[PDB]
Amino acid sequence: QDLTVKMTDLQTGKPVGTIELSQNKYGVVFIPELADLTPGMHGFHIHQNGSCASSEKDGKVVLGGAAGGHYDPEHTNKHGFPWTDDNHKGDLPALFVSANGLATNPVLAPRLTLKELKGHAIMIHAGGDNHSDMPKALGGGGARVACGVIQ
């Protein structure tokens, strides 16, 4: 009842490590083993489609655009906190990256279940996550930089 997700750099195409998924009494824990990322905090969310391929938007290329928007099984249409109910179900706590480009700090998402995650995609963004649609939509994550399909 724990899954391994391989993460890939959307820009370089090379592997970036993995994230272990575990179920617990208080929700789902995400334990990262990543490297080759930019120090700081990164928006981190479960996206809708089981894909990390690109998509297209207004004549331009959208890296990782195939995974669609944030996981939102209740159709809230809003972006928020991991412990608030009226916003995407796939909104997770932000992912911290060390000075050396490494990510190893685990996070908890109390509202999710391991079972429902299968076939979805995990995304890491360039930007941070303010857990609001203001002043920048979707918490200011911006571009997608790393992706992996939950098998």
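In case it trips you up, residue 1 is the first one in the sequence shown, and so on.
Looking at 43-51 and 96-104 together, the entry lists the larger mean B-factor for 96-104, computed on C-alpha atoms. As the entry records it, the average C-alpha temperature factor is higher for 32-40, out of 32-40 and 65-73. Of the candidates 57, 120, 111, 88, the deposited coordinates give 57 the top C-alpha B factor. Ranked within its chain, residue 11 lands in the highest third, by CA B factor from the PDB record. The PDB entry assigns residue 138 a C-alpha temperature factor belonging to the highest third of its chain's modelled residues. Sort the modelled residues of the chain by CA B factor and residue 23 lands in the highest third.
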